[PDB]
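Asker: just need the structure, nothing else, for what follows:
(chains A and B, ligands or ions: 2)
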Number of protein chains: 2
Amino acid sequence: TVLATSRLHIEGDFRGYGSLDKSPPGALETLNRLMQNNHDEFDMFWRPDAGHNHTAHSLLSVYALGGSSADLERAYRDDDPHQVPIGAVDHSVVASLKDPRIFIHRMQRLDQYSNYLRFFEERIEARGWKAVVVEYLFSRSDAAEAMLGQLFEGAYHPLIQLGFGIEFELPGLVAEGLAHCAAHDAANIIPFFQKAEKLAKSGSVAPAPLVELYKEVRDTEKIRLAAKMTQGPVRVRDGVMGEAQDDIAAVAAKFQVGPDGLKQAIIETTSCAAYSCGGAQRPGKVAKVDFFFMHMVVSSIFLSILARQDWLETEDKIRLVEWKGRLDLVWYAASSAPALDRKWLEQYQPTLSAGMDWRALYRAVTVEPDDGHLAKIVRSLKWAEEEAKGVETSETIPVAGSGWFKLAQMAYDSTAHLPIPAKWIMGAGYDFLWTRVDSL
Amino acid sequence: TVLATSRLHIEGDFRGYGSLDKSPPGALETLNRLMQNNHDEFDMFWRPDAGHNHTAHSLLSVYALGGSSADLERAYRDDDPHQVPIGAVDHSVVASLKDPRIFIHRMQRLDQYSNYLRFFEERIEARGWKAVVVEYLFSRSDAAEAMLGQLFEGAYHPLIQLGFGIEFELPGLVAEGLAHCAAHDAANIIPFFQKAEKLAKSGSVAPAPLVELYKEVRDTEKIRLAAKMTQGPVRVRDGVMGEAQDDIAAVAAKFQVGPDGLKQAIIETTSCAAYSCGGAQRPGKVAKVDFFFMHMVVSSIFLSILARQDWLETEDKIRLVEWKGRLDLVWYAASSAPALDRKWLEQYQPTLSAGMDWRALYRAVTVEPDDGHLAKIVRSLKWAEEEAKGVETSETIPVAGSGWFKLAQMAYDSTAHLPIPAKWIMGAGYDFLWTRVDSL
Ligand SMILES: [Fe+3]
Ligand SMILES: [Fe+3]
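Answerer: Numbers count the residues shown, from 1 in each chain, chains lettered A, B, ... in the order given. Ligands and ions are numbered 1, 2, ... in the order given. See below for the structure:
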């Protein structure tokens, strides 16, 4: 039986957070065709590590930046490597997932994506997508607490997938996000979240600004050196969580958001993530942006979007921002906690993007061969500028004002005209990775 | 203390199995300097999966094919991505490794490579490389039995590393190989070897020709479909061993070598591996060689070399070839057990390599940008021609005579002038991987 949920159709003139120029005629038709092909044909996971399908992200971000049909076609073709046949659905597995104990038991296995997708499309057909999201992420059941930890997995890819689904109110894409969240392999971050939150709610831990928690991670040798360069995509699971889970959980417990603090906590987390990207440069080297710090920035727009959902309690919004800010510390550790300095972004001189404004940089991004991360980071940075409107740099807000566009320029300048593997440095704290980077 | 073992000096006439032209003057001095630099500066593992450092393989193979200094420098620069800083040695761990229970206990952890290297260099300094290899692979201690399974790990890279060391009688390279063997992460192949051998020695399993065991793997649906395309580097651990270990153990138990069978078993295993490579083609597609089948052929020369060692008993030689032939069945399964047909290699018309002899193919391979697999597969095929001199195709020997060189031509034609990722098909049985291969 075909479900109306399985049909992804964007209609009306909503073109995304941080949108500037409207896409020219033809773009929406192209977007709907490609989003549906990707939905129907392709799995969420194309390899065991760092194998998230970015197709939907690249399409929606290029549309939000005002890309034409041909720019969307480029985005789709550039993500050919992310596109592999979707796994066969086992319909008796899908029936059995109604049982919360079987639902939980089958989580954290990549090969279950297509079974969770059918399950969530059926549930969303029966209830709204809103009711299903509350049931499976925010209802405090054993299932939903596991799902909430899973949401941040793999440097925030489930969060990003559900984010887009919620942003465009696309039921089928919300199903993609929930199924991604359920199936994502575990980095042993759930006990990090549980231990950090317990300490945070105990009354034994005084809050501290996030900027100081980045510093504690760097200054704490056991934590800074927990990850190893050659652990690659499993640095969090085998390093930070393997060796220092309790230690970094105690640091993370110090990130505590007051009941009126949701907006400021989004700016604080986003500003620190942006500081990460801009601030981890080396003397005598061209600017490069850390691949992981870039995921910390791209995911920030989805905290802003979830924050404006009327069906979601303020306390759940705050909880999302707390957990994201705490895992930002883990990703900072996994890059070997590089020294950050406000000087690099302040002093940065744009090259390829010299003299561009947002509209010209958006345009330049729509035509740039890329897997979608460029469009995603520049859109997050435009949105951050609006979120943090009238907030200036302070001891606790390291990036603000003209900083947001400067980082977008740096991300464009340091990735344009390069093959994918050369675009982003894979852990700015590891000295050896800077020997493969150009000297000024 | 500096060990004499730590210094790699290749001196004098010996230039490798299947060698033809002598390298011109200057090459030996370049080879010694680069082999030493790689030995002292770089780890064995540069990422957690498919992360083996091929630098020593690419150098020694290019030398054996008669490459000059410039060709060896090319080989070294092409393997730049394989070259990351060698791990800090813990000297108290090194002293503890003399205890066989601590030895066993720290096995199968990649980050121990440098610790096992220093241990094996100290032991080889004291006793000689030959005594240390017998002790740690062939003495049937607990440690040696675990090391013998590890030898075949990651599609034969420890076997290859040790093989080169034994071939050039290079103490320090023997130590690299034994340390690689100890540290390699486990794919759950040890229980496969144990189960297959217990069945073979039981008296209850009749021997069958290897080519009929490839057929049985293909024709047993539970074995053929155990591996999944998107399991990628972990198809063996999570697919063939995860789902079908007992099943494929029972097939592999039928490969049994009699006490006078060593030479014919090397020829049989090498011929079935070559047949894998040349025979897994598709109608209407350009020829491509499977990456894993290529590893099955390149490893085959090191069985021939181990077979000629005076210090190793015939029993042990026979046991190596048995285990290798049995695990070739597992790698065949992991590529989805593609249909094989002798017609493809029989009918193949060389393109780039048309009209070349071995000397000209060797010369062309010395200059081809590559990570070392091209030089390794063409040398194993030349050596296979020598090993199998006077053996013709039969019901059990599916490739012989002119087929060895014809496969070397196909490997050259199908990989030359392509970037590394386009060179070898990563599982010839998976229909989807052929949609990215050029049509005729
Ligand atoms: Fe990503
Ligand atoms: Fe290899």
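Asker: so the residue in the stretch 301-440 of chain A that chain B sits nearest to, which state does it fall into?
Answerer: For the stretch 301-440 of chain A and chain B, the shortest gap (Cβ to the nearest Cβ) falls at residue A:432, measuring 5.6 Å. C-beta here means a position set from N, CA and C on the backbone, and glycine is covered the same way. Put simply, residue A:432 is helix when judged by DSSP: H, G, I helix; E, B strand; the rest coil.
Asker: list the contacts for the residue lying closest to it once chain neighbours are set aside?
Answerer: Distances taken as Cβ to Cβ, 6 or more residues apart in numbering or on different chains place residue B:85 nearest to residue A:432, at 5.6 Å, with adjacent residues excluded. Residue B:85 sits next to A:229, A:432, B:41-43 when contact means Cβ atoms under 8 Å, 6 or more residues apart in numbering or on different chains.
Asker: stretch A:59-78 and chain B in contact?
Answerer: No - residues of stretch A:59-78 are not located near chain B by Cβ under 8 Å from any Cβ of the partner chain, the shortest gap being 12.9 Å.
Asker: buried ones in that stretch, by neighbour count?
Answerer: Of all the residues in stretch A:59-78, those buried under the rule 16 or more other Cβ atoms under 10 Å in any protein chain shown are A:59-69, A:71-76, A:78.
Asker: farthest-apart pair in the contacts of residue B:85, please.
Answerer: Farthest apart among the contacts of residue B:85 by Cβ to Cβ are A:229 and B:41. That separation is 14.6 Å.
Asker: can you name the residues of the stretch 201-350 of chain A that neighbour chain B?
Answerer: For the stretch 201-350 of chain A, the contact set with chain B under Cβ under 8 Å from any Cβ comprises A:228-234.
Asker: ok, 6 Å please
Answerer: Within the stretch 201-350 of chain A, the residues that sit near chain B (Cβ under 6 Å from any Cβ of the partner chain) are A:230, A:232, A:234.
Asker: among the residues you listed, which lie within helices?
Answerer: Among those, DSSP state H puts none in helices.
Asker: how about the residue in the stretch 1-150 of chain A that chain B sits nearest to: what's its closest non-neighbour residue?
Answerer: At 4.7 Å from chain B, residue A:47 is the closest residue in the stretch 1-150 of chain A, using Cβ to the nearest Cβ. Closest residue in space to residue A:47, ignoring its immediate chain neighbours: residue B:232 at 4.7 Å, by Cβ to Cβ, 6+ apart.
Asker: any idea how far the one you found is from residue A:324?
Answerer: Residue B:232 is 29 Å from residue A:324, where distance means Cβ to Cβ, to the nearest Å.
Asker: looking at these two, which one has more neighbours?
Answerer: A count of neighbours by other Cβ atoms under 10 Å in any protein chain shown puts residue A:324 above the other of residue B:232 and residue A:324, at 25 against 18.
Asker: can you tell me the element that one falls in?
Answerer: Taking DSSP states H and E as the criterion, residue A:324 maps to helix A:314-334.
Asker: other SSEs contacting the helix or strand just after that helix?
Answerer: Later in the chain than helix A:314-334, the nearest helix or strand by DSSP H and E is helix A:343-347. The helices and strands touching helix A:343-347, judged by 3 or more Cβ pairs under 6 Å, 6 or more residues apart in numbering or on different chains; DSSP states H and E, are helix A:262-279.
Asker: what helices or strands is the helix holding residue A:324 leaning on?
Answerer: Counting contacts by 3+ Cβ pairs under 6 Å, 6+ apart, helix A:314-334 is packed against helix A:210-219, helix A:262-279, helix A:291-298, helix A:300-306.
Asker: give me phi/psi at residue A:439?
Answerer: phi -80, psi 150 (degrees, to the nearest 10).
Asker: now do the contacts for it.
Answerer: Residues in contact with residue A:439, defined by Cβ atoms under 6 Å, 6 or more residues apart in numbering or on different chains, are residue A:284.
Asker: quick check: bridge partners of it?
Answerer: Beta-bridge pairing for residue A:439 (DSSP bridges): residue A:285.
Asker: center of chain A - which residue?
Answerer: By Cα atoms, centre = their mean, chain A has its centre lying nearest to residue A:299, at 3.0 Å.
Asker: quick check: that one vs residue A:170, distance?
Answerer: Counting by Cβ to Cβ, the gap from residue A:299 to residue A:170 is 18 Å.
Asker: before we move on, the earlier item: nearest residue to the residue nearest to the centre of chain A in space, please, no chain neighbours.
Answerer: residue A:156 (3.7 Å).
Asker: how many neighbours does the one you found have?
Answerer: 24.
Asker: any idea how far the residue nearest to residue A:47 is from residue A:46?
Answerer: According to Cβ to Cβ, residue B:232 and residue A:46 sit 9 Å apart.
Asker: what segments of the stretch 101-250 of chain A are helices?
Answerer: Using DSSP state H, counting those that start in this stretch, the helices of the stretch 101-250 of chain A run over residues A:113-126, A:129-133, A:142-150, A:153-167, A:171-183, A:190-202, A:210-219, A:221-224, A:242-252.
Asker: quick one, what contacts the closest residue to residue A:178 other than its chain neighbours?
Answerer: Closest residue to residue A:178 apart from its sequence neighbours, by Cβ to Cβ, 6+ apart: residue A:120 at 4.4 Å. The neighbours of residue A:120, taking Cβ under 6 Å, 6+ apart as the test, are A:175, A:178-179.
Asker: residue A:153 versus residue A:241, what's the distance?
Answerer: Going from residue A:241 to residue A:153 by Cβ to Cβ gives 12 Å.
Asker: same thing with residue A:235?
Answerer: According to Cβ to Cβ, residue A:235 and residue A:153 sit 14 Å apart.
Asker: what comes up buried for the host helix or strand of residue A:28?
Answerer: Residue A:28 belongs to helix A:27-41 when assigned by DSSP H and E. Within helix A:27-41, the residues that count as buried by 16+ other Cβ under 10 Å are A:27-28, A:30-32, A:34-35, A:38-39.
Asker: got those as JSON lines, with distance to residue A:347 columns?
Answerer: Output for those, formatted as JSON lines (distance: Cβ to Cβ, whole Å):
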{"residue": "A:27", "distance to residue A:347": "38"}
{"residue": "A:28", "distance to residue A:347": "41"}
{"residue": "A:30", "distance to residue A:347": "41"}
{"residue": "A:31", "distance to residue A:347": "39"}
{"residue": "A:32", "distance to residue A:347": "44"}
{"residue": "A:34", "distance to residue A:347": "41"}
{"residue": "A:35", "distance to residue A:347": "41"}
{"residue": "A:38", "distance to residue A:347": "41"}
{"residue": "A:39", "distance to residue A:347": "45"}
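Asker: and those residues, which two are the farthest apart?
Answerer: A:27 and A:39 (18.1 Å).
Asker: buried residues, the helix holding residue A:324. List them.
Answerer: Per 16+ other Cβ under 10 Å, helix A:314-334 contains these buried residues: A:316-334.
Asker: likewise stretch A:206-222?
Answerer: For stretch A:206-222, a neighbour-count test (16+ other Cβ under 10 Å) marks A:208-211, A:213-214, A:216-218, A:220 as buried.
Asker: any idea which element residue A:385 lies in?
Answerer: Here residue A:385 is assigned to helix A:373-387, by DSSP H and E.
Asker: could you give the angle of the following helix or strand past that helix to helix A:373-387?
Answerer: Next helix or strand after helix A:373-387 toward the C-terminus (DSSP H and E): helix A:403-415. Computed by axes from the mean of the first three to the mean of the last three Cα atoms, to 10 degrees, the angle separating helix A:403-415 from helix A:373-387 equals 170 degrees.
Asker: quick check: angle from helix A:403-415 to helix A:262-279?
Answerer: Going by the same axes, to 10 degrees, helix A:403-415 makes 40 degrees with helix A:262-279.
Asker: contacts for helix A:403-415?
Answerer: Helix A:403-415 has contacts (Cβ under 6 Å, 6+ apart) with A:274, A:277-278, A:287-289, A:345, A:348, A:350-353, A:361, A:374, A:377-378, A:381, A:384-385, A:423.
Asker: also stretch A:206-213?
Answerer: With Cβ under 6 Å, 6+ apart as the test, stretch A:206-213 has contacts from A:251, A:254-256, A:268, A:272, A:325, A:329, A:396, A:398.
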